[PDB]
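J.: Before we start, here is the structure in question, set down as structure tokens.
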Amino acid sequence: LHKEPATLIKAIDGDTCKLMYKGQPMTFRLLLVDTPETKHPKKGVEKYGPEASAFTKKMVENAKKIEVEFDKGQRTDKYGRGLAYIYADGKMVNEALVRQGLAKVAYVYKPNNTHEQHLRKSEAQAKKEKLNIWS
Ligand SMILES: Cc1cn([C@H]2C[C@H](OP(=O)(O)O)[C@@H](COP(=O)(O)O)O2)c(=O)[nH]c1=O
Ligand SMILES: [Ca+2]
């Protein structure tokens with residue numbers, strides 16, 4: 001994979017944000033994870049939804065550098081959102097959330113699963129530590 005610079009435009013929730021990428025603004029959705037909903041009426045405000053949003057917001061707003069790393073398959077989803085692993089000062093936001101029990105590993109669609117095992121190992125640790133979503 002290969003990291004590329006991006007500039008934060010606006011944090012939306014735990015797993016979705018707006019970034020300036022290659023000159024253009026677009027919304028990104030974190031690969032392989034799912035933070036709880038705080039927007040869609042069908043799901044309502046789910047437990048830890050507000051917590052995941054705050055964690056992500058803090059993490060991306062305070063970073064000196066943001067980088068996007070597309071996987072080997074499709075780079076956007078059906079809603080036109082970029083699908084990537086996002087790094088804040090070298091730290092993967094996707095992993096950070098999973099490690100804290102603020103996201104579950106989900107939407108594993110091959111071949112966009114390069115970091116699946118890494119994320120799963122962090123999810124298991126969060127589970128055994130009974131963190132947030134796993135408490
Ligand atoms: C992370 C991810 C989400 N999605 C889709 C699946 C879900 O579609 P449906 O909404 O049609 O079920 C939605 C989940 O994202 P949200 O967690 O942002 O809702 O985005 C992908 O298509 N591929 C991905 O890699
Ligand atoms: Ca979500």
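Following the order of the structure tokens, chains are lettered A, B, ..., residues in each are numbered from 1, and ligands are numbered from 1.
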Taking the chain letters and numbering used in this document, name the residues of range 11-123 of chain A that DSSP puts in helix (DSSP H, G or I), as number ranges by chain.
T.: A: 49-61, 93-99, 116-123
J.: Neighbours of ligand 2 within 6 Å, counting only C-alpha atoms and all ligand atoms, as a VMD selection string?
T.: chain A and resid 15 34 to 37
J.: Using only C-alpha atoms, which protein or nucleic acid residues come within 8 Å of residue 94 in chain A? Drop anything in the same chain fewer than 2 positions from it, and give the result as a PyMOL selection string.
T.: chain A and resi 15+30-33+85-86+92+96-98+119
J.: With only C-alpha atoms and all ligand atoms counted, collect every polymer residue having an atom within 10 Å of ligand 1; state the result as a PyMOL selection string.
T.: chain A and resi 13-16+28-40+43+71+73-84+105-110+112-113
J.: Excluding residue 11 in chain A and any residue of its chain fewer than 3 positions from it, enumerate the residues within 7 Å of it, using only C-alpha atoms, and give them as a PyMOL selection string.
T.: chain A and resi 17-18+57
J.: Grab the CA of residue 59 in chain A to CA of residue 104 in chain A distance for me, in Å with one decimal place.
T.: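 Distance reported for this atom pair: 18.1 Å.
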J.: For the strand (DSSP E or B) assignment from backbone DSSP, which residues of chain A qualify? Please present them as a ChimeraX atom specification.
T.: /A:3-11,16-21,24-30,33-34,66-70,76,82-88,91-92,104-105
J.: Quick one: write out the picked residues with N, CA and C atoms as a CSV table (one decimal), in the first residue's frame?
T.:
chain,number,residue,atom,x,y,z
A,3,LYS,N,1.0,5.5,1.4
A,3,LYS,CA,0.3,6.6,2.0
A,3,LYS,C,0.4,7.9,1.2
A,4,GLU,N,-0.6,8.7,1.3
A,4,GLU,CA,-0.7,10.0,0.5
A,4,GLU,C,-1.3,11.0,1.4
A,5,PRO,N,-0.7,12.3,1.3
A,5,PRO,CA,-1.2,13.4,2.2
A,5,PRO,C,-2.6,13.8,1.9
A,6,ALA,N,-3.3,14.3,2.9
A,6,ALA,CA,-4.7,14.8,2.8
A,6,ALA,C,-4.8,15.8,3.8
A,7,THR,N,-5.8,16.7,3.7
A,7,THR,CA,-5.9,17.8,4.7
A,7,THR,C,-7.3,17.7,5.2
A,8,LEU,N,-7.5,17.7,6.6
A,8,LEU,CA,-8.8,17.6,7.2
A,8,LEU,C,-9.6,18.8,6.8
A,9,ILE,N,-10.9,18.6,6.4
A,9,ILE,CA,-11.8,19.7,6.2
A,9,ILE,C,-12.7,19.7,7.4
A,10,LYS,N,-13.4,18.5,7.7
A,10,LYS,CA,-14.3,18.4,8.8
A,10,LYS,C,-14.6,17.0,9.3
A,11,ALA,N,-14.5,16.8,10.6
A,11,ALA,CA,-14.8,15.6,11.2
A,11,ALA,C,-16.3,15.4,11.3
A,16,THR,N,-16.4,8.5,9.6
A,16,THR,CA,-16.6,9.3,8.4
A,16,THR,C,-16.1,10.8,8.6
A,17,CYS,N,-15.4,11.3,7.6
A,17,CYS,CA,-14.9,12.7,7.7
A,17,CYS,C,-14.8,13.2,6.2
A,18,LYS,N,-14.5,14.5,6.2
A,18,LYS,CA,-14.4,15.2,4.9
A,18,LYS,C,-12.9,15.6,4.8
A,19,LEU,N,-12.3,15.2,3.7
A,19,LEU,CA,-10.9,15.6,3.5
A,19,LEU,C,-10.6,16.2,2.2
A,20,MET,N,-9.5,17.0,2.1
A,20,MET,CA,-9.1,17.6,0.9
A,20,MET,C,-8.1,16.6,0.3
A,21,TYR,N,-8.5,15.9,-0.8
A,21,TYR,CA,-7.6,14.9,-1.4
A,21,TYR,C,-7.3,15.2,-2.8
A,24,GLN,N,-9.1,18.0,-4.4
A,24,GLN,CA,-10.6,18.0,-4.2
A,24,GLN,C,-11.1,17.5,-2.9
A,25,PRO,N,-12.2,18.2,-2.4
A,25,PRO,CA,-12.9,17.8,-1.1
A,25,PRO,C,-13.7,16.6,-1.4
A,26,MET,N,-13.7,15.6,-0.4
A,26,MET,CA,-14.5,14.4,-0.5
A,26,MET,C,-14.6,13.8,0.8
A,27,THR,N,-15.7,13.0,1.0
A,27,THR,CA,-15.9,12.3,2.2
A,27,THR,C,-15.2,10.9,2.2
A,28,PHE,N,-14.6,10.6,3.3
A,28,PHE,CA,-13.9,9.3,3.4
A,28,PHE,C,-14.6,8.5,4.5
A,29,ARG,N,-14.5,7.2,4.3
A,29,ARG,CA,-15.1,6.2,5.3
A,29,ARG,C,-13.9,5.3,5.6
A,30,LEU,N,-13.7,5.0,6.8
A,30,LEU,CA,-12.7,4.1,7.3
A,30,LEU,C,-12.9,2.7,6.9
A,33,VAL,N,-13.9,-1.1,9.5
A,33,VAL,CA,-14.4,-0.9,10.8
A,33,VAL,C,-15.8,-0.2,10.8
A,34,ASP,N,-16.5,-0.2,11.9
A,34,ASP,CA,-17.7,0.4,12.0
A,34,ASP,C,-17.9,1.0,13.4
A,66,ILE,N,-2.0,14.3,8.2
A,66,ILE,CA,-3.0,13.2,7.9
A,66,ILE,C,-2.6,12.6,6.6
A,67,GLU,N,-2.7,11.3,6.5
A,67,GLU,CA,-2.4,10.5,5.3
A,67,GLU,C,-3.5,9.5,5.1
A,68,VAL,N,-3.8,9.2,3.8
A,68,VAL,CA,-4.8,8.3,3.4
A,68,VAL,C,-4.0,7.1,2.7
A,69,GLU,N,-4.5,5.9,2.9
A,69,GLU,CA,-3.9,4.7,2.3
A,69,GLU,C,-5.0,3.9,1.7
A,70,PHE,N,-5.1,3.9,0.4
A,70,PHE,CA,-6.1,3.1,-0.2
A,70,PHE,C,-5.7,1.6,-0.2
A,76,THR,N,-13.6,3.6,-3.7
A,76,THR,CA,-14.8,4.4,-3.2
A,76,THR,C,-15.9,3.4,-3.1
A,82,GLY,N,-14.6,7.8,-0.2
A,82,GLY,CA,-13.3,7.2,-0.4
A,82,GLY,C,-13.1,6.2,0.7
A,83,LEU,N,-12.6,5.0,0.4
A,83,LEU,CA,-12.4,3.9,1.3
A,83,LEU,C,-10.9,3.8,1.6
A,84,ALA,N,-10.4,4.1,2.8
A,84,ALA,CA,-9.0,4.0,3.1
A,84,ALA,C,-8.7,3.8,4.6
A,85,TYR,N,-7.4,3.6,4.9
A,85,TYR,CA,-6.9,3.5,6.2
A,85,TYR,C,-6.4,4.9,6.3
A,86,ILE,N,-6.8,5.6,7.4
A,86,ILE,CA,-6.3,7.0,7.6
A,86,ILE,C,-5.4,7.0,8.8
A,87,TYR,N,-4.3,7.8,8.6
A,87,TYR,CA,-3.3,7.9,9.6
A,87,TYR,C,-3.2,9.4,10.1
A,88,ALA,N,-3.1,9.5,11.4
A,88,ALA,CA,-3.0,10.8,12.1
A,88,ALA,C,-1.6,10.8,12.8
A,91,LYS,N,-0.3,7.4,13.2
A,91,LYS,CA,-1.2,6.5,13.9
A,91,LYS,C,-2.4,6.2,13.1
A,92,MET,N,-2.7,4.9,12.9
A,92,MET,CA,-3.9,4.5,12.1
A,92,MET,C,-5.2,4.7,13.0
A,104,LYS,N,-16.1,-1.9,15.8
A,104,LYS,CA,-16.0,-3.3,15.6
A,104,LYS,C,-15.4,-3.5,14.2
A,105,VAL,N,-14.7,-4.6,14.0
A,105,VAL,CA,-14.2,-4.9,12.7
A,105,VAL,C,-15.4,-5.3,11.9
J.: What does the distance from CA of residue 90 in chain A to CA of residue 135 in chain A come to in Å, to one decimal?
T.: 28.3 Å
J.: Skip residue 101 in chain A itself and residues of its chain fewer than 2 positions away, then list as a PyMOL selection string all residues within 8 Å of it, counting only C-alpha atoms.
T.: chain A and resi 97-99+103-104+123+126-127+130-134
J.: Would you compute the distance between CA of residue 117 in chain A and CA of residue 95 in chain A? Give it in Å to one decimal.
T.: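 Going from CA of residue 117 in chain A over to CA of residue 95 in chain A, I get 10.8 Å.
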